[PDB]
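Chemist: My structure is below; once you've seen it, I'll send some questions.
Just so it is clear, none of the values below were taken in a lab; they were calculated from the coordinates. Backbone-built Cβ (ideal geometry, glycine too); neighbour counts: all protein chains shown.
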Amino acid sequence: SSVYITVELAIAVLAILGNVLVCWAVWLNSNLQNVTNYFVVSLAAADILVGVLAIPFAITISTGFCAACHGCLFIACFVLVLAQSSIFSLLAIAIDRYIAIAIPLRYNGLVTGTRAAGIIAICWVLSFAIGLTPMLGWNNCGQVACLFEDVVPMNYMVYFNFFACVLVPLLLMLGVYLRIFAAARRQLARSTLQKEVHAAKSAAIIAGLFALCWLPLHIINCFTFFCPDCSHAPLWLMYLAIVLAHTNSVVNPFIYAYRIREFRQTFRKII
Ligand SMILES: Nc1nc(NCCc2ccc(O)cc2)nc2nc(-c3ccco3)nn12
């Protein structure tokens, strides 16, 4: 119990620090203000909020505080909007890499800073609508005690939250990355191509780490929903899955530092 709170607080601190470093690095350095880096800083902002609010909210839900219904749904479902925003940002990054690699000549024409910010705003607005759907409808609410099992319907999680809003973007961007690397192999000028592949590899790792972290908890929810005859998953397994899902927030600043040389140099400059 106490171990969970301590590890969650440590994850929150690490996420805040790493992603504020990423945001500061992109803001400070003009060489790092690409089109893809706008999606990168949107994803960093999503991780910052995961650290600042989503993890304290998870701790409070673990304590099972009683409160009003709508506040309870907001506390339980704030992680959902941030995960969806991360999904949308990762998809935008994958499509940007595909545009940059498959059609380099018209890449600058197709994607523009104003277009990038627009897509970011639309994706952020859609993430709130998808994640906070329980507040509008689909409630098991009927001061209710805040338990994520009792309050948030599992039909929502296993159909709308997961099958349409995670697996579909996950599989689409898996196909996008496969097409990216197939086109990279077809195209092989050589110096520029290896920069695109290296950038695509870096942005595909942070995608692979996201799916690796989130599918444990999603599959546990699917097991809870599809087969009611079997008993509920153990509490320790549930907390481990939550911690694993939260761990994806801290990893990608380290990936940027390790893979992207400009990020590493400006990180060392900041510190
Ligand atoms: N299923 C589930 N449970 C929880 N917390 C409930 C933990 C619990 C589980 C069993 C129990 O008897 C008492 C408490 N948070 C959860 N977050 C998510 C989630 C976030 C994104 C997708 O699923 N699913 N999820």
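Chemist: Can you put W24, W214 in order, fewest other beta carbons within 10 Å first?
Modeler: Ordered by Cβ neighbours within 10 Å, fewest first: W24, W214.
Chemist: Only four residue types carry charge here, +1 at the Cβ of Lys and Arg and -1 at the Cβ of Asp and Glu. Report the dipole size of the chain about the Cα centre in Debye, rounded to the nearest 20.
Modeler: In total the dipole reaches around 1460 debye.
Chemist: Same structure again: Hull surface divided by four, with the convex hull built on the Cα atoms of the stretch 76-130: how many nm²?
Modeler: If you wrap the Cα atoms of the stretch 76-130 in a convex hull and average its projections, you get 3.6 nm².
Chemist: Further question: Using the Cα atoms of the stretch 1-59, I'd like the radius of gyration and the largest Cα-Cα distance, Dmax, both in angstrom.
Modeler: 13.5, 45
Chemist: If you rank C146, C23, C227 by fewest surrounding Cβ atoms within 10 Å, what's the result?
Modeler: In order of increasing Cβ crowding within 10 Å: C227, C23, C146.
Chemist: So how do 127-136, 198-207 stack up, highest first, on mean other-Cβ count within 10 Å?
Modeler: 198-207, 127-136
Chemist: Sort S42, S89 so the one with the fewest other Cβ atoms within 10 Å of its own Cβ comes first.
Modeler: Ranking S42, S89 by Cβ neighbours within 10 Å, fewest first, gives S42, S89.
Chemist: Can you work out ³J(HN,Hα) from phi for every residue in the stretch 12-21, in order, using Karplus 6.51 cos²θ - 1.76 cosθ + 1.60 and θ = phi - 60°, giving whole Hz and x for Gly and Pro?
Modeler: So the Karplus estimates, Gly and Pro as x, are 4, 4, 4, 5, 4, 5, x, 6, 5, 4 Hz.
Chemist: If you don't mind, another one. Using 7 Å Cα-to-Cβ label points, what is the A164/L193 separation (nm, one decimal)?
Modeler: About 4.2 nm, to one decimal.
Chemist: Just subtract the alpha-carbon distance of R259 and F225 from 0.36 nm times their residue separation and send over the number in nm, one decimal.
Modeler: Residue separation times 0.36 nm, minus the Cα-Cα distance, leaves 8.3 nm.
Chemist: Per residue of the chain, what 222 nm ellipticity follows from adding -39500 (n - 2.57) for every DSSP H run with n ≥ 4, rounded to the nearest 500?
Modeler: Helix contribution divided over all residues of the chain: -26000 deg cm²/dmol.
Chemist: Which order, highest average first, do 228-241, 51-64, 170-183, 110-123 follow once you tally other Cβ atoms within 10 Å for each residue and take the mean per peptide?
Modeler: Highest-to-lowest ranking by the protection proxy: 51-64, 170-183, 110-123, 228-241.
Chemist: Moving to a separate point now. With unit charges on the beta carbon (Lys/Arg positive, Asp/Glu negative), name the residue among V79, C230, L14 whose Cα is farthest towards the positive pole of the charge dipole of the stretch 2-270.
Modeler: Of the listed residues, the answer is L14.
Chemist: Charges on Cβ only, +1 for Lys and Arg, -1 for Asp and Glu, centred on the Cα centroid of the stretch 2-270; of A189, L215, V158, which one is farthest towards the dipole's positive end?
Modeler: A189
Chemist: What FRET efficiency comes out for the pair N140/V52, r = Cβ-Cβ distance, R0 = 35 Å, nearest 0.05?
Modeler: Computed FRET efficiency for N140 and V52 comes out at 0.80.
Chemist: Quick one: grab Rg to one decimal and Dmax as a whole number for the chain, Cα atoms only, in Å.
Modeler: Considering the chain through its Cα atoms, Rg and Dmax are 19.5, 64 Å.
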